[PDB]
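*Asks:* Compute the structure for the input listed below.
(8 chains, ligands or ions: 2)
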Amino acid sequence: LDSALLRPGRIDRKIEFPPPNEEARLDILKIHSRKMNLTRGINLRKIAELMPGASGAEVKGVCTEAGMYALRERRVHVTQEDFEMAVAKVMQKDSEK
Amino acid sequence: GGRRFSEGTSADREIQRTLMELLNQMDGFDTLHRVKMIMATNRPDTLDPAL
Amino acid sequence: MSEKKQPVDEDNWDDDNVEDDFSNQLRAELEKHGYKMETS
Amino acid sequence: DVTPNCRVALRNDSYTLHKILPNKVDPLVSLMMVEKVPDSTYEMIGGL
Amino acid sequence: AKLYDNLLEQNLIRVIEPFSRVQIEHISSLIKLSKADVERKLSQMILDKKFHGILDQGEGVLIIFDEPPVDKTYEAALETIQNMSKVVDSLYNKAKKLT
Amino acid sequence: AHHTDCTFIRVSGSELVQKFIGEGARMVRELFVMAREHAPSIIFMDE
Amino acid sequence: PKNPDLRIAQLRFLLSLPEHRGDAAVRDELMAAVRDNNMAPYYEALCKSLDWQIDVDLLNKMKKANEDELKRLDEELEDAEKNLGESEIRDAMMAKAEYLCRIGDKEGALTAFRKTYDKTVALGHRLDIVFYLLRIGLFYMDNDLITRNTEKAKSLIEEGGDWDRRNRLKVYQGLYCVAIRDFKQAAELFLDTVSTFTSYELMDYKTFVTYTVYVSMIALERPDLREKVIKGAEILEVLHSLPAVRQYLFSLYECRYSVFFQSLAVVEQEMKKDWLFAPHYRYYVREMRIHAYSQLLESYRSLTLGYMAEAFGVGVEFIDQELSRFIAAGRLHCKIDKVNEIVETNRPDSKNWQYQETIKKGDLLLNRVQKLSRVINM
Amino acid sequence: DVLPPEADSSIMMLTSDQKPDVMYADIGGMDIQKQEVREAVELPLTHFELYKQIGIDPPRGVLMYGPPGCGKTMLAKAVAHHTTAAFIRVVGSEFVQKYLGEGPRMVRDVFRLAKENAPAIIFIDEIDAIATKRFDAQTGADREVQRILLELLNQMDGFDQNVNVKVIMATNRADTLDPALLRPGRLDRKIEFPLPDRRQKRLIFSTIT
Ligand SMILES: Nc1ncnc2c1ncn2[C@@H]1O[C@H](COP(=O)(O)OP(=O)(O)OP(=O)(O)O)[C@@H](O)[C@H]1O
Ligand SMILES: [Mg+2]
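*Replies:* Residues are numbered from 1 along each chain as shown, chains lettered A, B, ... in the order given. Ligands and ions are numbered 1, 2, ... in the order given. Next comes the structure:
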C-alpha cells in the first residue's frame, strides 16, 4: 500500500491477525458447534488438530458441512465421523490449487 | 453483436441486454423448430463467444 | 371497607389428593412384601 | 412540527396541507440494510 | 426369525378374521401349530393391542368384537375448556388488578 | 461499533449506495453529512 | 458455584426427613457446609440439627472470607470503571454474583443477575444467567419464578439452534414435570436420552436412565415399550449395567408378574427414600399395581380369582381386597364374582368414560367463571 | 376491495405442454452438481424438517454459472421436468418495460405468485441483463433498472425461512455483477460449471452417441 499512507503520523495503530493455532482452532469449533444437534462424545481437539491452521472460515466451512453428511444419511444427530469426513473434503479443497 | 464489455459507455448497457434477450431467445426453453437462422459478418472477431 | 363482624375471633394439592387416597395404609413397605413371601 | 424531509398528506384542489405522513426512512438505514453486514458480538469471537 | 414373526402373525390375522368366536383347538389345527404358544401369542396380540378381543381359560373361546369409538367430539371440546380457563386466568390480569 | 453503539457505516464504492449519498457525489466527502448526523460513528473499508 | 449445588439440597432432604438417618448427613453436609464459604442456607438446618454450640468462630472465619471476596469486588469496581471495558464491574460480578448466589442468598444473586442481564447484548451470557435463575428457582422451589424464566429462556433458543441450550434445558423441564406428577410430560422431556449428557446434576447418566425408564413405564403403552425402550441400543446397554431395573423392566414385558412385585417393593422403596420422588412414590405404585392388573385382566374374560395367587402374585384375599378397592375405586374395568369364585371382565365403550372428564372440566370452569363473575364488579 | 393475487408473466408454467422433456439420464457427467443441486432445491422442499430439526439453515437462493453450453439451461429443463412443486420460469430481460413501474410491479407480483401459489421454484436467466455493476442517474433507462434491482433486493430479504420459495439463477459471467446481490441472507450457494476434461467427457460421448 501507499507510503504516504505509511506516514508515521498518519496511521494510529496497525493490528496483525494471525491464522489460528490449535487452541484457536478449538474454540471456533466450540462456538460454531453450538447450534448443531450433536451426539454425545466428540473430542473436538482431534478435529482441531486435523486442520493445521487454515483460518477462522474453514472452521465454519467444515462444521456447517458436517450436517450434510448426517442429513444425507437422514440422521437427526450429528456424529463425529461426519467431521473427519468433512475435513477430508474441505482439506482436499485446501489441496486443490 | 459485440463480445461483452466491462461496462464502458451508457449505450452498450441496454444493447448487451438486447443481445442477451436474443441469446435466451435462440435456444432458451424452446423447441426451436422450422425456423432457421442465417447470419453474416465481415469480421468474426468482435463477437460474443456465447453467440 | 371490610368491617366484617367477627362472631368467633402447586406445592399442596397434588400432595392433598394423594393425601386423600394415600392416607392410612401400612406406610412402610420394605418388609410387608418380604413377609408375604413366606406366609403367602 | 413541520420537519424537513417529511411526507405529507395534501388536498388536491387547492393543495392545502392536510396531514403529516409519519416518516419514510433514514438515508443510512436504507442503504445500510441493502448492504446486510453480518452483525456480530464478543460471544462469537474465537480467541482474539 | 423376525420375518417369521411377521409371517406367523400374518397368518394369525388371516385365519382369525371371518368369525367372532372359536376354540383354540381349531385354530391350532388350522395354522397347524400348538396351543400354548398360540395362546400366549394371542395374549401378546391383546397385550400389544395390535389385535383386540378377549380370551378364555376354561376352553379358550376368543371373543372378537370391534367398533371405532367416537373420539373427536369430546376431547376437542375438552381442550378448549383448558384454553378458556387460562383465558379467565388472564382476566385476572386485566380485571382483578384494574378495577 | 455494535457494543459501544457506534454507527457502523462501511463503504463499498458501489453505485446502488450512490443514490442515497447524492445525485453524483463528486467527492466522497458528502458521506460526512450523514456521518456527523450519526456523529458517534465508525467508517469501515475493505481492501 | 451452582454446579454441585443440587446434591446439597438432596442431602438437606437426607438430613431432615429420614429421622433416624440423621448422623452421616449432618456429618457430610457439615463437611461441605463449614467450608466453601457457606453461611446462609443452614441456620434452620442447624435448628433441625443438634446444638453445634461453637459455630461462632466457624461463621466468623467464613463471613470474614466472604468479606474478602466482597471487599475485592470493592477493589474491582473502581479500576473497572476508570478504564471501562464491557462494564467490567458487572463483568466481575456477572461471574462472582453466582458466588453471591451460592454464598449469598437469592437477593444479591438475583438483582446482580437481572442487573447483568442488561449488559451482554448476546444470549450466550444471558441464557446461562437464566439457567442459574432456573437452578435457584428449583433450590428455593420457586415454582412461579421458574415459569417466568422458562419462557424467557425459551425466547432465546429460536435464534440459533443452541442444542446445548435446549437439550440441556429439556432436562430441567423433565425434572419439573417429574417434580409434579406430570409423567407423560416428564418422559416426553426425557425422550431423547442421547443428546442428554453425563450431567452435573445427574452425574450418573445411568441415574437419568433409571428416571426415564421409571417415568416411561407408566407414561407410554406397549406399542411404545415394545419398540422404543426395548430396541434402543442407547437404552439397552446402560441398563445392561443394571441387573435389577433390567429385570424390573422385563418382568412386565416378559409377563413375569410374580417376580414383578418382588422388584416392585425394592424399586418402590428406593423411590420412597429418593429425594423429589418422595412426594409421589405412592402415586407411582398405585398406578403400577392397577396397570399390571389391567394388563393381564384385559386378556381373559373367565379367569378365576384363585388363578392369580400362584401365578400372578400370592395372597387370594390380598387380590380380593386389592381388586375390590379398584373396581370400587372406579377403575379396573371388569366385574368380580365371589361365591362361584370367578372374575369376569367387561368392556366400557369410550362414550361414558370419555364423557366423565368432559363433565369434570365443565364443572371446573363453571366454578371458575362463577367465581370470577362474583369477584369482579364487586 | 381486496384481491386474490395476479401476475401476468409466465402464468405458472402450464405443466401440460410445458415440460422440456429432459431426463436426468439425458445429462451425463454431472454427478457432483446434479446431486448437489438436488440437495439444494427439492430436498429441503420435501425433507424440510431435517433442516428444521437439526437446524442447518437451508439455502435461500442459488446461483449457477460457467462457460456457455455447460448444461445451464438443460439442468433447469430436467429439474423443471421432474419437479413436484410449482415452477416459475422467467426470461430475465423482460423487466425493462417502456412504462415506468411495470418493472417493479412485474417484480413483486411474481414473488406474490410464488407466495400465493405454492412452496414454489423461481428460475431467472440472463441476470447480467439486470445486475450490472456501474450505474448512471442521467438516463432513466439506467434508473429504472436501478429500481428493478432494489425491488428484488428487498423481496429476497422479505422471507422468513417458512416458505419454500427457492430461487435458481443462471448466468454466464460472474464478473459483471454486484456482490451486494451475493450477500448471505440473499445468496449463499454458488455453482460454477467447469468443463469436463476426459472423465465425465466420455460419458457425454456415451449418451450422445
Ligand atoms: N450431458 C451433457 N452435458 C453437457 N452438455 C450437453 C450434454 N448433452 C448435451 N449437451 C449440449 O450442451 C448444451 C447445453 O445446453 P444449455 O442450453 O443448457 O447450454 P448452457 O450451458 O445453458 O449454455 P447457454 O447458456 O449458452 O445455452 C446443449 O445445447 C446440448 O446440445
Ligand atoms: Mg443456456
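
*Asks:* Just give me the neighbour total for residue 20.
*Replies:* No chain in the question, so chain A it is. Counted by other CB atoms under 10 Å in any protein chain shown, the residues lying close to residue A:20 total 23. Using the backbone N, CA and C atoms, a C-beta is placed for each residue, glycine as well.

*Asks:* Chain F was what I was after
*Replies:* 18.

*Asks:* what's the answer for residue B:51, then?
*Replies:* Other residues near residue B:51 come to 14 when the count uses other CB under 10 Å.

*Asks:* how much space is there between it and residue E:21?
*Replies:* According to CB to CB, to the nearest Å, residue B:51 and residue E:21 sit 84 Å apart.

*Asks:* What of residue A:4?
*Replies:* Taking CB to CB, one finds residue A:4 at 104 Å from residue E:21.

*Asks:* What of residue H:169?
*Replies:* 69 Å.

*Asks:* got the residues of chain G near chain A?
*Replies:* Contact residues (CB under 8 Å from any CB of the partner chain) of chain G with chain A: G:160-165, G:194-198.

*Asks:* Closest to residue G:338 out of these?
*Replies:* Using CB to CB, residue G:196 is the member of the residues of chain G next to chain A that sits closest to residue G:338, with 49.8 Å.

*Asks:* Now for that closest one, how many residues are close by?
*Replies:* Using other CB under 10 Å: residue G:196 sits among 22 other residues.

*Asks:* do the same with residue H:92
*Replies:* Using other CB under 10 Å: residue H:92 sits among 21 other residues.

*Asks:* Let me see the contact set for it.
*Replies:* Taking CB atoms under 8 Å, 6 or more residues apart in numbering or on different chains, we find residue H:92 in contact with B:24, H:124-127, H:129-130.

*Asks:* most neighbours, which of those residues?
*Replies:* Comparing these by number of neighbours (other CB under 10 Å), residue H:129 comes first, having 27 neighbours.

*Asks:* ok, so what distance separates whichever residue of chain C sits closest to ligand 1 from residue A:84?
*Replies:* Residue nearest to ligand 1 within chain C: residue C:10 (66.9 Å; CB to the nearest ligand atom). Counting by CB to CB, the gap from residue C:10 to residue A:84 is 49 Å.

*Asks:* again, but for residue E:36
*Replies:* Counting by CB to CB, the gap from residue E:36 to residue A:84 is 53 Å.

*Asks:* Of these two, which one has the most company?
*Replies:* Taking neighbours as other CB under 10 Å, residue E:36 and residue A:84 compare with residue A:84 leading, 14 against 10.

*Asks:* all helices of chain D, in order?
*Replies:* D:29-35 (DSSP state H).

*Asks:* Can you report how many residues lie near the closest residue to chain H within it?
*Replies:* Nearest to chain H in chain D, going by CB to the nearest CB, is residue D:36, at a distance of 4.7 Å. Residues lying near residue D:36 (other CB under 10 Å) number 14.

*Asks:* So what does it look like in phi/psi?
*Replies:* Residue D:36 has phi and psi values of phi 60, psi 70 when expressed as degrees, to the nearest 10.

*Asks:* give the contact list for it.
*Replies:* Contacts of residue D:36 (CB under 8 Å, 6+ apart): H:157, H:180, H:183-186.

*Asks:* how far away is it from residue D:46?
*Replies:* Taken as CB to CB, the span from residue D:36 to residue D:46 is 23 Å.

*Asks:* And residue G:339, by the same measure?
*Replies:* In terms of CB to CB, residue G:339 sits 81 Å off from residue D:46.

*Asks:* where do the helices sit along chain A?
*Replies:* Under DSSP H, chain A gives helices at A:22-32, A:44-50, A:56-72, A:81-94.

*Asks:* Quick one: closest of the ones you listed to chain D.
*Replies:* Across those, closest to chain D is helix A:22-32 (CB to the nearest CB), at 3.6 Å.

*Asks:* Give me the contact list for the closest one.
*Replies:* Contacts for helix A:22-32 (CB under 8 Å, 6+ apart): A:20, A:44-45, A:47-49, A:51, A:53, A:56, A:59-60, A:63-64, D:43-44, D:46-48.

*Asks:* What remains of these if I keep only buried residues?
*Replies:* In those, burial by neighbour count holds for A:20, A:44, A:47-48, A:51, A:56, A:59, A:63-64, D:46, counting by 16 or more other CB atoms under 10 Å in any protein chain shown.

*Asks:* Make a markdown table out of these and add distance to residue G:328.
*Replies:* Shown next, in a markdown table, are these (distance: CB to CB, whole Å):
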| residue | distance to residue G:328 |
| --- | --- |
| A:20 | 72 |
| A:44 | 60 |
| A:47 | 63 |
| A:48 | 66 |
| A:51 | 70 |
| A:56 | 71 |
| A:59 | 67 |
| A:63 | 62 |
| A:64 | 62 |
| D:46 | 67 |
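
*Asks:* from these, which is closest to chain B?
*Replies:* For the buried ones among the contacts of helix A:22-32, the nearest to chain B is residue A:56 (33.0 Å; CB to the nearest CB).
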